[PDB]
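Structure record follows, encoded as structure tokens.
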Amino acid sequence: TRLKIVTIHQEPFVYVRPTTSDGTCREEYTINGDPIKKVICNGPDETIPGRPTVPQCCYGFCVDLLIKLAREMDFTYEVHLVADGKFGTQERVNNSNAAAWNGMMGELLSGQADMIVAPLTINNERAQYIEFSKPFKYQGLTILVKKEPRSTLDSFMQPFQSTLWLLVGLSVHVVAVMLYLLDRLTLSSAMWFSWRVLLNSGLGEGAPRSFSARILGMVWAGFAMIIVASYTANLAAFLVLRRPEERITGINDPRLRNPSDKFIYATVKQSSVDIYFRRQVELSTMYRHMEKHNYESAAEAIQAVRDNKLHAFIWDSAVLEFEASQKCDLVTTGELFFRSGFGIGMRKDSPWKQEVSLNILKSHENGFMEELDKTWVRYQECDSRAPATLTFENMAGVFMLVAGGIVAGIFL
Amino acid sequence: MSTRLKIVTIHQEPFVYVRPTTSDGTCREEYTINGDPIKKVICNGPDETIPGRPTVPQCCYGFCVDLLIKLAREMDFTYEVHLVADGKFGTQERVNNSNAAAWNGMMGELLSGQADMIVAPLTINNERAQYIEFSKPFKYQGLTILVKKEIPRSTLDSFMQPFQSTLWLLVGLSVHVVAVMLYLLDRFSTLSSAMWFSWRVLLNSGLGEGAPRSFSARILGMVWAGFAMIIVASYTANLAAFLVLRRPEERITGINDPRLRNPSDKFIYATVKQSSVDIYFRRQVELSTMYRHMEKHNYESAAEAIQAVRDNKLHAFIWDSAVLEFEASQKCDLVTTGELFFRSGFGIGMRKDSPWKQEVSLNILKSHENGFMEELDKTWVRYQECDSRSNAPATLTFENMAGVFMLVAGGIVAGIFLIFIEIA
Amino acid sequence: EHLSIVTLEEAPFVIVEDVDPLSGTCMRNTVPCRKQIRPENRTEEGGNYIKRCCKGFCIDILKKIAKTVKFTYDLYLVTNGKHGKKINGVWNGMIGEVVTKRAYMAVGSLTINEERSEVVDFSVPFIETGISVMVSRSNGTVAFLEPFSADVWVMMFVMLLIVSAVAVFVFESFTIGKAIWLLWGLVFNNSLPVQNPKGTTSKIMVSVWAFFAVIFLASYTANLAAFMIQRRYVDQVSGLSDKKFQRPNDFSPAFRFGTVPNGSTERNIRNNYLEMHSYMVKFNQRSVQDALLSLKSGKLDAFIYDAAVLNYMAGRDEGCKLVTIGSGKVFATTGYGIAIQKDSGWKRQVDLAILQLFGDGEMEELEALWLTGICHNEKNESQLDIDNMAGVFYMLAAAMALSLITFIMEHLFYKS
Amino acid sequence: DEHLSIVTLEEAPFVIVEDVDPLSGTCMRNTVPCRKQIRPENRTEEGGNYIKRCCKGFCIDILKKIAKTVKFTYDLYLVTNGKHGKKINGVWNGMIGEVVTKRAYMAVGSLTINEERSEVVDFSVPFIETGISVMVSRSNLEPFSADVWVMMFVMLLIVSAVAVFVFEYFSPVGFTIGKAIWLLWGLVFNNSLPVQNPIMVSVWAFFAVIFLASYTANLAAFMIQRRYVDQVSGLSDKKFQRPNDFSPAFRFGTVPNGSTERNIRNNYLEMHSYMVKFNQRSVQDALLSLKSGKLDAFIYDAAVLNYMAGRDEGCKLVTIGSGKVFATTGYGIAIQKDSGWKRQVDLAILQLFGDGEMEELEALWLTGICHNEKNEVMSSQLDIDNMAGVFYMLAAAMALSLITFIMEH
Ligand SMILES: CC(C)CCC[C@@H](C)[C@H]1CC[C@H]2[C@@H]3CC=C4C[C@@H](OC(=O)CCC(=O)O)CC[C@]4(C)[C@H]3CC[C@]12C
Ligand SMILES: C[C@]12N[C@H](Cc3ccccc31)c1ccccc12
Ligand SMILES: CC(=O)N[C@@H]1[C@@H](O)[C@H](O)[C@@H](CO)O[C@H]1O
Ligand SMILES: CC(=O)N[C@@H]1[C@@H](O)[C@H](O)[C@@H](CO)O[C@H]1O
Ligand SMILES: CC(=O)N[C@@H]1[C@@H](O)[C@H](O)[C@@H](CO)O[C@H]1O
Ligand SMILES: N[C@@H](CCC(=O)O)C(=O)O
Ligand SMILES: N[C@@H](CCC(=O)O)C(=O)O
Ligand SMILES: N[C@@H](CCC(=O)O)C(=O)O
């Protein structure tokens, strides 16, 4: 027969762009060297503020999966974009005794759609009304952000770990005390000799003449050149390809828990990520900051995180990591949490659910999803860097360590 | 319209792959790195796994097979491909007849009628052109010498590689402008003490015998000490900057390297026997010395010399550029060292009285202009080259350190001569 | 509602521990679970069934679910070992017992494939699992002395001595020995307390040495920054580079890939790459620990295995020599799932229970308590390690004790 | 011992055209005489008198050698009509036009072997590889970070307060705090302080190790930027296929009626229509367009661009793609069609390849002072503009410090 297909515009999975002036989809070839497959989508063109329906050209990962599923079972389809432009939610707006769904969920429950072929996440709140197949996308939750600077701390203890610096001091007193012993006021001359040799103070106060003490001091001066060459070495190594900052909160981080108006982390309104922080009473406080600073479309939050408007952005790992591989101004949070999966959605009484889901279980077994990945998740590299001017904050840090040592020295 | 013509080829690895048949007899279906079907034909060649040298069918695929098919399309002819009996390329020799010479290899079988056209990476040269006609080359190449990837030596240079001769004159002009200016600025307007003051402040000598105390000379000496930490920081900065993106010294600095001309028994090089390079070093009398060494160390198959270069058995392997560069893009233990030489071209071979030479050469020109040969290059030179390889300089190399040490020692010895100059 | 469940033993998903003989019953987390042995026995040629206590991750899921949906359970283990393989149209193992109706539900280390999904049903995925390969890398990397070459010692000391011998005489209240300590002190970044020469010619040669100082310093700064700026990387090719599943040979002399025969990974590799089916069936392993020893003792280059079980192992490895090829690459993308009766069953409500365990965050707390490994628990662990400082301090301290040997030798020569 | 008249063009370094030496009244060095029939006008002629010049180069040398091995006479002639080869209204003009026009029996020079040309004329074996190529000049002094001067002055103030905090020994004036601010400030600028301090000097020394380590480490940071990477690498990139994209547009062009024009026309129609409007005049003028920002990138023949980059002063313009060459065609002596010395000329070229004399020929003509650098791209060999900025800081602060000296006076 003929069944309707509802989908939403998601950047990596479902591209929704209009056609040329003639009316057919522009034929193109991907960077791999393959014809990109597109179909017709009748939905609200966001270009016209009017919210009017207009057929278009749609293509992507979920489009290839929709053509594949249409090839597996002996059925045809008629794709159309979702009317309201959101994923879906359950609510009761005008009826205090009867509730309904909105989005693709609403069109499915109202009969306006027969199948959802978009990155639709599986969860328990939606499982009460629809039936899902075996997931076609393994993902999670990561806080996505656009991150800025080389130094957050004094640069003397950064290249050498605490064991290396403490070892250097232990050698300072091993050569000061071993020099006082081998050369046998005097203690201040030994400490001033070792410290003046390590710091190039050049006081010229005293010196021992014993071959044991001269060899000890030569090992101490050469070792001083090697430890300052290691501090300047690894200190110069953290100039290119520096380790990422802790702005990536992760599952259990302080930045994700505390709702400060300066570090704007938020979720898309009328979506699941708002329900993740709205249901938990502990995050209710954060929910407050999310209640007044939430965004509608995920692309608006992406542009806000690119325009330095939104600090962090908790979102699915597939989309956030994809935008991090496409727009290298943004990075996802480490320690991936809330691992879920995108899968197709069907109604309960449908028999297709038995076969189609099994087909997905077969679709993973043959490795077709790996080719779809090779097509629709490709990482575009960026500038590997560099920091340049960005050296002031550190220099103020190390200068703050020196000035702090001058204050503690004034107390002494 | 058929004109079924036999076709002979050789096993040169990028251009002609030769792998065995599957249990059913068909070729193993494989997928092109680009994600496309790999071509396939059957070859009647020598079985290398058995004593008999018996003829056994195989599956052969690659650049020369694909180009062979494209030509079989543009011109209305049919083919039957097989590997050469003797297993080597064409060369002229006289094994049993002292007064008459003959060709053996593909060139031979092509002249012997056993084949009607040879399509392989055949070198183009004068000796073969007098007996066979070549096309406008389908491959433009030369000869490179292959070596194993030895200890990362340093790019040899003098100690002044960081700063050219033009900038040092200005730097020294500022040094004597601030030492003589320090002689004028001292005491608000001795000379040797001023040069020792400014130089002692620039080199951190810290003698302290002479030192200006004026706030103009002490503040100018603080901009001078800051110019010393910034100039020294720039010296160590760029001196560490050449360190990355360095080209480890190529072992043989071209065919005319110190180790290359003199056949010292520490560095042994050779090429494939009964091959084009054998005619190149056998004809050229001057290279006879090298040839002498090669005369005793050449190999029958080219792959054997490749693995010899990988197994530290053989030191250097002068060969065709496309094969060696491809093996360098396949194995990370092999590099091609030095400047290219004998730049020739692989072209389709056929007897001189053949009219196929005209249309075939023209279709090679077209396949060049059509951009088809570039596609074949993307397909069969996968260029899965080993990249991001990072130079590791030896903590130091006597050379590139004996230059600065030689300048300093020379300064001393001359400086004794300069003490003899101050004596007068 | 006594619901008997059949399961298999594979840590840490199902840890089996004998009952405490002092307490008799099972203590703490563990739920009662029996196990019956056909080959040997105490009475009735096998009729006696041993009693055990089962605790772990999936066991906590079955007991917690048993508390949520209010269905009681008497756990039972599988006698014939398998995962989800079917032979000659007859299935054996956990999914085999799920098809044989000997267990209403089946929770454990059971993978979800199409062959089982066609004959039995599964729930929502609990953990992402698939086909993956594991190989071990040697911790062979090796340190500040590496920067300067061996020419540093002979050349530098020789030139110094010769120059103070030559230069001292080019230099030509008190006169204190030789100023070689001033030269070597100047070589080690100024910091020289020695008195410079008062002559006019010595003001030249010393300057030259200053050059030989700073340049050497620069080298000691460049080259120590050279060898140390090459770390934290891996260049093994991705995207099925070995081709061993189809062509066993590679740029390496051999590629060995083993699968558990009559297993889900073997059947999936048997149905994917027939060459991997022949070479995997020829290289079929016995147990998982035997293959792990084959990967640790150099007896096997790699293994092909479930992905999650190998993912928890990274923490387990000590000194973490071992690692998962691809920094977390997954090939099949399937999941674990509790088996239910075909067509008919509580499947919907039980799935609500699973996704409820995911909704309450119990997967994150369980992964933090069970899954999290001291290893890699920290974010990635640029900073100079203790190995380099050990390299320097071995030479500094070696020259210190050797300096004391110069003091004892100075005493042996002083007593003369 | 035959006529074998040869037509040629002038294209350096392959065919350099020099005036006859007036003192020698003959072609100096190893030049070959080459005339030019100026037809349209003359002092007392109308298309009959030919001017005299002296042509010498790489192609001239290869012509001389081939003529030595194969016995034939020849008189070198320049091409009056067009240049090179081009085909208009089915009528051939240029060198190939004169070779097929029988106005020249042979045509040797910087002439490419192409199918359309090989239709009407014959070609020998190729002696030099020559195709299409791209070349672009990349259109795109310490990291003080507004802290060198402010931290040096505040370090002098902290040196004064720390000097008053020392309170040791005996000092000359009631100056000395400024002598410990010049000694402590100098020590902050990498030791070099001759003043024996009476610790505050230890704190400033720690600031010298840490702060100096930051100055040298960041000085190595700004210099560790990998450069010479081409703006457009592939020549199949989007910057070439779709010009109206990045703003401003990437202006590029080529030289008309060559091999690149006919092959680019028969290959890409749209790209040809886009590049025909921005076509350039001469090779050196196109180098100026690639240098003066009038053209972001420039694409043309490979060999002439290889030398033009090897002899380019400063080696600024380099080939895009680290020497990538498309098309792959090569030059060759153009002989008479259908019949000719088809095999003898090739045999001469291939025996000349056997002796190996090209290598010497390219060493004499092709090898530039740019390919003679180290095997590494070397980044910037030596600071000529960056070091001059630090010298402008030392000289600017030297005249300003002299203003503090006269104001101090
Ligand atoms: C899908 C089936 C129905 C084929 C469509 C038949 C027509 C609708 C044909 C007639 C002329 C074709 C076109 C010819 C010109 C272009 C080539 C190509 O567009 C471009 O090359 C981009 C440069 C530019 O926009 O000018 C692809 C679309 C288009 C409009 C073709 C699209 C389809 C067109 C309009
Ligand atoms: C002498 C030295 N003092 C600072 C920092 C540093 C670090 C390691 C070794 C040596 C130096 C400096 C800058 C530039 C050149 C040499 C040095
Ligand atoms: C597109 C193309 O180059 N076609 C060529 C043609 O140019 C040539 O004239 C002819 C030989 O006569 O062979 C065709 O294959
Ligand atoms: C885990 C394991 O090795 N299981 C094997 C199974 O693969 C094999 O089919 C059977 C045949 O006897 O023997 C079992 O022990
Ligand atoms: C530099 C230039 O534009 N030269 C053209 C030439 O390419 C063309 O062949 C000729 C007429 O055909 O007209 C010239 O002006
Ligand atoms: N190594 C590949 C080369 C062909 C290709 O993948 O393009 C093979 O032997 O099949
Ligand atoms: N000599 C060439 C001119 C273009 C080029 O040098 O590549 C030709 O015959 O067209
Ligand atoms: N004409 C150059 C070409 C160099 C190259 O192959 O890039 C030569 O033969 O030396």
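Chain labels run A, B, ... following the order of the structure tokens; each chain numbers its residues from 1, and ligands are numbered from 1 in the order shown.
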
How would you write, as a compact mmCIF listing (two decimals) with N, CA and C atoms, in the first residue's frame, the set of residues in stretch 216-409 of chain D that DSSP gives as alpha helix (DSSP H)?
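The new file result.txt reads:
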```
# COMPACT_ATOMS: atom_id res chain seq x y z
N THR D 216 61.26 31.75 26.96
CA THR D 216 61.87 30.90 25.95
C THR D 216 60.90 29.82 25.47
N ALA D 217 60.06 29.30 26.37
CA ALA D 217 59.11 28.26 25.97
C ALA D 217 58.04 28.81 25.04
N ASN D 218 57.54 30.02 25.32
CA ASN D 218 56.56 30.64 24.44
C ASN D 218 57.21 31.19 23.18
N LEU D 219 58.46 31.66 23.28
CA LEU D 219 59.20 32.01 22.08
C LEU D 219 59.36 30.81 21.16
N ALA D 220 59.50 29.61 21.73
CA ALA D 220 59.45 28.39 20.94
C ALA D 220 58.02 28.01 20.57
N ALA D 221 57.02 28.57 21.25
CA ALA D 221 55.64 28.28 20.91
C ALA D 221 55.24 28.98 19.61
N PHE D 222 55.47 30.30 19.54
CA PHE D 222 55.06 31.05 18.35
C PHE D 222 55.83 30.62 17.11
N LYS D 238 37.35 22.78 -3.66
CA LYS D 238 36.20 23.62 -3.94
C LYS D 238 36.59 25.04 -4.31
N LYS D 239 37.78 25.49 -3.90
CA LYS D 239 38.20 26.85 -4.21
C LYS D 239 38.39 27.06 -5.70
N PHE D 240 38.72 26.00 -6.44
CA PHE D 240 38.92 26.09 -7.88
C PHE D 240 37.65 25.81 -8.67
N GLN D 241 36.83 24.86 -8.21
CA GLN D 241 35.63 24.50 -8.96
C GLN D 241 34.54 25.56 -8.83
N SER D 259 48.80 24.33 -24.11
CA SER D 259 48.25 23.01 -23.83
C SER D 259 47.22 23.08 -22.72
N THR D 260 47.51 23.85 -21.67
CA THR D 260 46.61 23.97 -20.53
C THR D 260 45.28 24.60 -20.92
N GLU D 261 45.27 25.51 -21.90
CA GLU D 261 44.02 26.12 -22.30
C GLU D 261 43.14 25.13 -23.05
N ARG D 262 43.71 24.39 -24.00
CA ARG D 262 42.90 23.45 -24.78
C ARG D 262 42.46 22.27 -23.93
N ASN D 263 43.34 21.78 -23.06
CA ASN D 263 42.97 20.66 -22.20
C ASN D 263 42.00 21.09 -21.11
N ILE D 264 42.16 22.30 -20.59
CA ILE D 264 41.21 22.79 -19.60
C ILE D 264 39.85 23.06 -20.24
N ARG D 265 39.84 23.48 -21.51
CA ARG D 265 38.57 23.68 -22.20
C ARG D 265 37.87 22.36 -22.48
N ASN D 266 38.62 21.37 -22.97
CA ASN D 266 38.02 20.07 -23.24
C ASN D 266 37.73 19.27 -21.97
N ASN D 267 38.27 19.67 -20.82
CA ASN D 267 38.06 18.97 -19.55
C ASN D 267 36.92 19.58 -18.73
N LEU D 269 34.27 22.73 -18.87
CA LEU D 269 33.72 23.86 -19.62
C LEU D 269 33.44 25.05 -18.70
N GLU D 270 32.85 24.79 -17.54
CA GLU D 270 32.49 25.86 -16.61
C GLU D 270 33.72 26.54 -16.04
N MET D 271 34.69 25.74 -15.57
CA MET D 271 35.92 26.33 -15.05
C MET D 271 36.66 27.11 -16.12
N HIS D 272 36.60 26.66 -17.38
CA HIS D 272 37.21 27.42 -18.47
C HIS D 272 36.49 28.75 -18.67
N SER D 273 35.16 28.73 -18.67
CA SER D 273 34.41 29.97 -18.80
C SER D 273 34.71 30.93 -17.66
N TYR D 274 34.98 30.41 -16.46
CA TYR D 274 35.28 31.28 -15.32
C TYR D 274 36.70 31.81 -15.39
N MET D 275 37.65 31.01 -15.88
CA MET D 275 39.05 31.41 -15.89
C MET D 275 39.42 32.24 -17.12
N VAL D 276 38.61 32.21 -18.18
CA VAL D 276 38.95 32.96 -19.38
C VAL D 276 38.86 34.46 -19.13
N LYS D 277 37.99 34.89 -18.21
CA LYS D 277 37.85 36.32 -17.94
C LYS D 277 39.02 36.86 -17.13
N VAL D 283 54.30 35.19 -18.39
CA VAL D 283 54.67 34.33 -17.27
C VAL D 283 55.18 35.17 -16.10
N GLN D 284 56.07 36.12 -16.39
CA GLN D 284 56.58 36.99 -15.33
C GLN D 284 55.47 37.90 -14.80
N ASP D 285 54.60 38.38 -15.69
CA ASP D 285 53.47 39.19 -15.25
C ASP D 285 52.53 38.39 -14.37
N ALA D 286 52.36 37.10 -14.67
CA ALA D 286 51.54 36.25 -13.82
C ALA D 286 52.23 35.96 -12.49
N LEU D 287 53.56 35.91 -12.49
CA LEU D 287 54.28 35.83 -11.22
C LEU D 287 54.06 37.08 -10.39
N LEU D 288 54.02 38.25 -11.04
CA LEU D 288 53.69 39.48 -10.33
C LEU D 288 52.26 39.44 -9.80
N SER D 289 51.33 38.88 -10.57
CA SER D 289 49.95 38.75 -10.10
C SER D 289 49.87 37.81 -8.90
N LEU D 290 50.69 36.76 -8.89
CA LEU D 290 50.72 35.84 -7.76
C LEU D 290 51.43 36.44 -6.56
N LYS D 291 52.29 37.45 -6.77
CA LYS D 291 53.02 38.09 -5.69
C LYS D 291 52.34 39.36 -5.18
N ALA D 302 54.38 22.82 -15.87
CA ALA D 302 55.10 22.36 -14.68
C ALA D 302 56.59 22.68 -14.75
N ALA D 303 57.23 22.33 -15.86
CA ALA D 303 58.68 22.49 -15.95
C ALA D 303 59.08 23.96 -15.88
N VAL D 304 58.47 24.79 -16.73
CA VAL D 304 58.78 26.22 -16.72
C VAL D 304 58.45 26.83 -15.37
N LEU D 305 57.42 26.32 -14.69
CA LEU D 305 57.15 26.75 -13.33
C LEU D 305 58.15 26.17 -12.34
N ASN D 306 58.69 24.98 -12.64
CA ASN D 306 59.69 24.39 -11.76
C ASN D 306 60.96 25.23 -11.73
N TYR D 307 61.45 25.62 -12.91
CA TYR D 307 62.61 26.51 -12.94
C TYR D 307 62.24 27.91 -12.45
N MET D 308 61.08 28.42 -12.88
CA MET D 308 60.68 29.77 -12.48
C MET D 308 60.54 29.88 -10.97
N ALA D 309 60.30 28.76 -10.29
CA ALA D 309 60.35 28.74 -8.83
C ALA D 309 61.75 28.47 -8.31
N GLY D 310 62.54 27.68 -9.03
CA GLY D 310 63.90 27.41 -8.59
C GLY D 310 64.82 28.61 -8.72
N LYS D 342 61.09 9.07 -37.99
CA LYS D 342 60.29 8.77 -36.80
C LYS D 342 61.08 7.94 -35.79
N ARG D 343 61.82 6.95 -36.27
CA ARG D 343 62.54 6.06 -35.37
C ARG D 343 63.96 6.52 -35.09
N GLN D 344 64.60 7.21 -36.04
CA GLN D 344 66.00 7.59 -35.86
C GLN D 344 66.13 8.68 -34.81
N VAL D 345 65.20 9.64 -34.82
CA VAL D 345 65.21 10.71 -33.82
C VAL D 345 64.94 10.14 -32.43
N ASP D 346 63.91 9.31 -32.29
CA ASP D 346 63.69 8.64 -31.01
C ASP D 346 64.93 7.88 -30.55
N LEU D 347 65.54 7.10 -31.44
CA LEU D 347 66.72 6.34 -31.05
C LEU D 347 67.83 7.26 -30.57
N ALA D 348 67.96 8.42 -31.20
CA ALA D 348 68.95 9.40 -30.74
C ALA D 348 68.60 9.90 -29.35
N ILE D 349 67.31 10.13 -29.10
CA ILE D 349 66.90 10.63 -27.79
C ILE D 349 67.14 9.58 -26.71
N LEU D 350 66.89 8.31 -27.04
CA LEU D 350 66.99 7.25 -26.04
C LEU D 350 68.43 6.81 -25.81
N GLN D 351 69.30 6.91 -26.82
CA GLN D 351 70.73 6.68 -26.59
C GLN D 351 71.34 7.83 -25.81
N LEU D 352 70.89 9.06 -26.09
CA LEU D 352 71.27 10.20 -25.26
C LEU D 352 70.77 10.03 -23.84
N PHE D 353 69.65 9.33 -23.66
CA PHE D 353 69.23 8.97 -22.31
C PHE D 353 70.12 7.89 -21.72
N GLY D 354 70.66 7.01 -22.57
CA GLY D 354 71.50 5.93 -22.07
C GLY D 354 72.83 6.43 -21.55
N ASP D 355 73.45 7.37 -22.26
CA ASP D 355 74.68 7.96 -21.76
C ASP D 355 74.43 8.76 -20.49
N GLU D 357 73.26 12.12 -20.30
CA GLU D 357 73.74 13.50 -20.37
C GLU D 357 72.69 14.52 -19.92
N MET D 358 71.41 14.14 -19.88
CA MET D 358 70.40 15.07 -19.39
C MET D 358 70.77 15.60 -18.01
N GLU D 359 70.99 14.70 -17.05
CA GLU D 359 71.39 15.09 -15.70
C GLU D 359 72.35 16.27 -15.70
N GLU D 360 73.41 16.20 -16.51
CA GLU D 360 74.31 17.34 -16.66
C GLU D 360 73.59 18.53 -17.29
N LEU D 361 72.70 18.28 -18.26
CA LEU D 361 72.02 19.40 -18.90
C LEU D 361 71.13 20.13 -17.91
N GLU D 362 70.33 19.39 -17.13
CA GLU D 362 69.48 19.98 -16.11
C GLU D 362 70.30 20.66 -15.03
N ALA D 363 71.47 20.10 -14.72
CA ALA D 363 72.36 20.76 -13.77
C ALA D 363 72.83 22.10 -14.31
N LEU D 364 73.07 22.17 -15.62
CA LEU D 364 73.55 23.41 -16.21
C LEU D 364 72.44 24.44 -16.35
N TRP D 365 71.20 24.00 -16.57
CA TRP D 365 70.10 24.90 -16.87
C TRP D 365 68.98 24.86 -15.84
N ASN D 386 61.41 39.49 11.42
CA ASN D 386 61.10 39.35 12.84
C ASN D 386 62.24 39.87 13.72
N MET D 387 63.48 39.52 13.37
CA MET D 387 64.62 40.03 14.12
C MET D 387 64.77 41.54 13.95
N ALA D 388 64.42 42.07 12.77
CA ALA D 388 64.45 43.51 12.56
C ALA D 388 63.41 44.24 13.40
N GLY D 389 62.35 43.55 13.82
CA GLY D 389 61.40 44.16 14.73
C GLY D 389 61.94 44.27 16.14
N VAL D 390 62.64 43.23 16.61
CA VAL D 390 63.30 43.31 17.91
C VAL D 390 64.41 44.34 17.88
N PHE D 391 65.11 44.46 16.74
CA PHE D 391 66.09 45.52 16.59
C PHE D 391 65.43 46.89 16.53
N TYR D 392 64.19 46.96 16.03
CA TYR D 392 63.45 48.21 16.07
C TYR D 392 62.99 48.53 17.49
N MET D 393 62.83 47.51 18.33
CA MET D 393 62.52 47.74 19.74
C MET D 393 63.76 48.18 20.51
N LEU D 394 64.93 47.63 20.17
CA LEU D 394 66.16 48.03 20.84
C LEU D 394 66.61 49.41 20.38
N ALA D 395 66.38 49.74 19.11
CA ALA D 395 66.77 51.06 18.61
C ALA D 395 65.73 52.12 18.98
N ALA D 396 64.45 51.75 18.97
CA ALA D 396 63.41 52.68 19.40
C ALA D 396 63.51 52.96 20.89
N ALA D 397 63.70 51.91 21.70
CA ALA D 397 63.97 52.09 23.12
C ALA D 397 65.37 52.63 23.38
N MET D 398 66.24 52.65 22.36
CA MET D 398 67.56 53.26 22.51
C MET D 398 67.51 54.76 22.27
N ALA D 399 66.69 55.21 21.32
CA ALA D 399 66.47 56.63 21.14
C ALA D 399 65.55 57.19 22.22
N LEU D 400 64.57 56.40 22.68
CA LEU D 400 63.74 56.82 23.80
C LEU D 400 64.54 56.80 25.10
N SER D 401 65.40 55.80 25.29
CA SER D 401 66.29 55.80 26.44
C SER D 401 67.30 56.94 26.36
N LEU D 402 67.68 57.34 25.14
CA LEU D 402 68.49 58.54 24.97
C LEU D 402 67.69 59.79 25.30
N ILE D 403 66.37 59.74 25.10
CA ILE D 403 65.52 60.85 25.53
C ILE D 403 65.44 60.89 27.05
N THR D 404 65.48 59.73 27.71
CA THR D 404 65.57 59.71 29.16
C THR D 404 66.97 60.07 29.64
N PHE D 405 67.97 60.02 28.75
CA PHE D 405 69.32 60.44 29.11
C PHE D 405 69.47 61.96 28.99
N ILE D 406 68.92 62.55 27.93
CA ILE D 406 68.94 64.00 27.80
C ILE D 406 67.99 64.64 28.81
N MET D 407 66.82 64.04 29.02
CA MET D 407 65.93 64.50 30.08
C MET D 407 66.53 64.26 31.46
N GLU D 408 67.30 63.18 31.62
CA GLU D 408 68.05 62.98 32.85
C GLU D 408 69.21 63.97 32.97
```

* Would you name the residues within 10 Å of ligand 2, counting only C-alpha atoms and all ligand atoms, and put them as a PyMOL selection string? -> (chain A and resi 199-200+224-233+235) or (chain B and resi 204+228-237) or (chain C and resi 187-191+213-222+224) or (chain D and resi 188-191+208-217+219)

* Given only C-alpha atoms as the counted atoms, nearest of C:71, C:279, C:358, C:212 to chain A ->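 Of C:71, C:279, C:358, C:212, the one nearest chain A is C:358, counting only C-alpha atoms.
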
* Close residues to ligand 4 using only C-alpha atoms and all ligand atoms, limit 10 Å, as a PyMOL selection string -> chain C and resi 80-83+85-87+92+259-263+266+281+284-288

* chain C residues within 9 Å of chain B, counting only C-alpha atoms: which ones, as an MDAnalysis selection string? -> chainID C and resid 145:152 155:156 159 163 166:167 170 186 190 192 195:198 200:201 203:212 214:215 217:227 230 251

* To do: Identify, on the basis of only C-alpha atoms, every residue whose closest approach to stretch 166-171 of chain A does not exceed 10 Å; exclude the query and any residue fewer than 2 positions from it along the same chain; express the result as a ChimeraX atom specification.
  => /A:157,160-164,173-178,194-195,198,220,223-224,227 /C:386,389-390,393,396-397

* Near residue C:65, counting only C-alpha atoms, which residues have an atom at most 9 Å away, once you skip same-chain residues fewer than 4 positions from it, shown as an MDAnalysis selection string? -> chainID C and resid 60:61 69:71 350 353:354 357

* To do: Can you pull out every residue within 9 Å of residue D:181, counting only C-alpha atoms, but drop anything in the same chain fewer than 2 positions away, and send it as an NGL selection string?
  => :D and (155-160 or 163 or 175-179 or 183-186)

* To do: Hey, list the chain A side of the contact with chain C: 8 Å cut-off, only C-alpha atoms, answer as a PyMOL selection string.
  => chain A and resi 123-124+127+134+138+158-161+163-164+167+182+196-207+211-213+215-216+218-226+229-230+232-234+236-238+243+334+337-338+358-359+361-362+364-367+370

* To do: Can you pull out every residue within 9 Å of residue D:232, counting only C-alpha atoms, but drop anything in the same chain fewer than 3 positions away, and send it as JSON, numbers by chain?
  => {"D": [134, 136, 229, 235, 236, 237, 238, 239, 240, 297, 320, 321]}
